[PDB]
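What follows is one chain in structure tokens, specifically the form solved without ligand OGA.
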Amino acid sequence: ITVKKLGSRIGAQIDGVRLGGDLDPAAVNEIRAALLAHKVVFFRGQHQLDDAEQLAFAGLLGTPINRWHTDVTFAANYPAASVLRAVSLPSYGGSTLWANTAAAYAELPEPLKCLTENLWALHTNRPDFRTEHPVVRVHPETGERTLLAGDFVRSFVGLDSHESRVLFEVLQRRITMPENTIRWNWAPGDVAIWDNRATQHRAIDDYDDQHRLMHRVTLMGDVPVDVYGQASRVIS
């Protein structure tokens, strides 16, 4: 079970594993360890997988349930991870991006850390769901500080509309800087696992009207907490 490093700050490929429900404990711990470290992990050659096999494999890692986003951040208890499989890919394009929000934080100048540590964003959906998340959250498992932003961010608490947009785009520019991202060229039998609590992702609509079907199993999450132990606030 080798783990190939793809990029300096994000992405790893994992060889010598056949994803499925009947897997070894020691194997799973290598996967989680690689997931937490590299934020998104990839599995080639997984042509054995159907839905039920992918769902059973997800059950080991946790509890099963365009533009840059963390999935469902308008909700308070937003997903921990996702297992995504290709079933039907187009003849060209259809690649996907991931960004490491843990490394994003780490590389912030200390002034911007000061800012973000104490900053809170209003996440919403465009049935109206509203959550105030901290822009910085501590990762339950790794204890890493990770920026929490993305396209569900409506505004920052306290700041006016102009300041919100401007500061928002400042963070996203760092979060999605090419060095801090990985772009995956999907082939059949590929499976990506990403930590939704330390990443943003983005689909790319570069395959025209071609069909592109994927199968996604999303693991259960938990309410974020900032560096002062403050958890997220609900409204709607």
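Numbers for residues come from their place in the sequence shown, where the first is 1.
- In the record comparison, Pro127 is unmodelled in at least a third of the other entries of this protein that model the residues flanking it.
- The segment from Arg126 to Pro127 is interrupted, since 10 or more residues of the deposited sequence in that interval carry no coordinates.
- The stretch of deposited sequence separating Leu55 from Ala56 contains no residues lacking coordinates in this entry.
- Higher mean CA temperature factor, per the PDB entry, when comparing 95 to 103 with 158 to 166: 158 to 166.
- Higher average CA B factor: 56 to 64, of the stretches 34 to 42 and 56 to 64.
- Note on the listed residues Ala27, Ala192, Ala198, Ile204: the highest Cα temperature factor in the record is that of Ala27.
- Ranked against the other modelled residues of its chain, the C-alpha B-factor of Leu115 as given in the entry falls in the middle third.
- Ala80: CA B factor in the middle third of modelled residues in this chain (values from the PDB entry).
- Sort the modelled residues of the chain by CA B factor and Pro90 lands in the lowest third.
- Annotation for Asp51: CA B-factor lies in the highest third of the chain's modelled residues.
- Ranked within its chain, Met214 lands in the middle third, by CA B factor from the PDB record.
The next section is about a form of this same protein that is not shown, the form deposited with ligand OGA bound.
- Contact annotation: ligand OGA lies within 4.5 Å of heavy atoms from the stretch 69 to 77 in the deposited complex, the single such stretch among 69 to 77, 109 to 117, 129 to 137, 156 to 164.
- Residue-level contacts in the deposited complex: of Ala103, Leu122, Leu89, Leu84, one residue has a heavy atom within 4.5 Å of ligand OGA, and it is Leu84.
- The listed set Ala37, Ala203, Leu61, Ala27 contains one residue whose heavy atoms approach ligand OGA in the deposited complex to within 4.5 Å, identified as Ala203.
- When contacts are defined as a non-hydrogen atom within 4.5 Å, all of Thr96, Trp194 and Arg212 contact ligand OGA in the deposited complex.
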